[PDB]
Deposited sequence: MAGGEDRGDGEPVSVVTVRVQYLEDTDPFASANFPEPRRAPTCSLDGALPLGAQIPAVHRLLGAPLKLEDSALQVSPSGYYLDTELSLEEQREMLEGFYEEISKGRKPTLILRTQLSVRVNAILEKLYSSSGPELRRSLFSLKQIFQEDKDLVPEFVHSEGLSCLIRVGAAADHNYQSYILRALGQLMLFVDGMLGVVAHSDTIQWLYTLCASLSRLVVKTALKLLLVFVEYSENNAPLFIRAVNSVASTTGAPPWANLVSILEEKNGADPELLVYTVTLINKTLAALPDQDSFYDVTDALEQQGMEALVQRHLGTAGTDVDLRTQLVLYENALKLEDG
């Protein structure tokens, strides 16, 4: 049938821009047709609001749910997505005209790729909030080679920039589409392992927790972490797992918190491995770099943190069961 709604304009042309309110003060009304494709009707809405936004980049999102209408189908062809609540109640549901998810992402990517100094610092920091305040941007960011951008802009950046990237990366991983995106973007896992050799403790701590979340999400991710680690060893010529063993040596002084993360990450990785071979590939590498000696030194010490000691014993225990 025919349906009447309310329409307002939302200015999200520049995601890095400050928060704008639903532009249309008051909000005019429009009577759309439910059986005809939205794409053929958005022009009327654009027109009705004299909206300062290209019509090639416009999109329609419901105000109640945040759901983005598929401009290629009619309102009813996609009714499966509680909307008629207000209508079927003598009330007029609200609709928001704003930039398409794809255009905002192309804007974020352009800003990061072309910025430097304060402007880059500022844009990277804002990333977390941008993904937090519009989850729908994540699957689009991923599909638009967003992770590569993050890696490219962060590989040789200041500790603060990297950290801002890790924060955004962490936010992205709270969404299934974000996770799956990382699950498919090996360079991201490689970068995380790489960052474990960072002089910045904030970055190392953050990388470890991100890897920890990575491995914990699914047993299928452990062999992906392992491949990432061996790939970095291949590229740098260093022994696989050197960055984790390095952290366990407490080069900058006692730091139980990081050792807990590190040993928990190694244990959890080893817990997901299907075959004994894969398990030994990792443990024999750690052994060759002094793991055994490391575990003893920490266990033969009373000052050792309770939580660390526990992880160490789990480590020593997992090893006994496999050996026999």
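Residues of the deposited sequence lacking C-alpha coordinates fall in the stretches 1-13, 95-96, numbered from 1.
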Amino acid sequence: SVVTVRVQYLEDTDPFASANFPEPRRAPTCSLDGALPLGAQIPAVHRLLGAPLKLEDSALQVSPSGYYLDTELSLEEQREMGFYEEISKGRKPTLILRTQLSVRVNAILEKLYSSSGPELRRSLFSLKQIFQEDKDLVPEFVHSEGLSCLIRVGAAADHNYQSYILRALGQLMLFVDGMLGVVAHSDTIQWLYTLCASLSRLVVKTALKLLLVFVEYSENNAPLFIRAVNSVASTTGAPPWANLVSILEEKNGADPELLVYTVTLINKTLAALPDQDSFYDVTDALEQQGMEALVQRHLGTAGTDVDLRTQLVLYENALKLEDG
From here on, numbers count along this sequence of modelled residues.
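The PDB entry records a higher mean C-alpha B factor for 291-299 than for its counterpart among 291-299 and 39-47.
According to the PDB record, 70-78 carries the higher mean C-alpha B-factor of the two stretches 70-78 and 126-134. Per-chain ranking of the deposited C-alpha B factor places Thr262 in the lowest third. Sort the modelled residues of the chain by CA B factor and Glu85 lands in the highest third. Per-chain ranking of the deposited C-alpha B factor places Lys92 in the highest third. Residue-level temperature factors show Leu270 in the lowest third of its chain, judged at the C-alpha atom.
When the CA B factors of the chain's modelled residues are split into thirds, the value for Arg167 lands in the lowest one.
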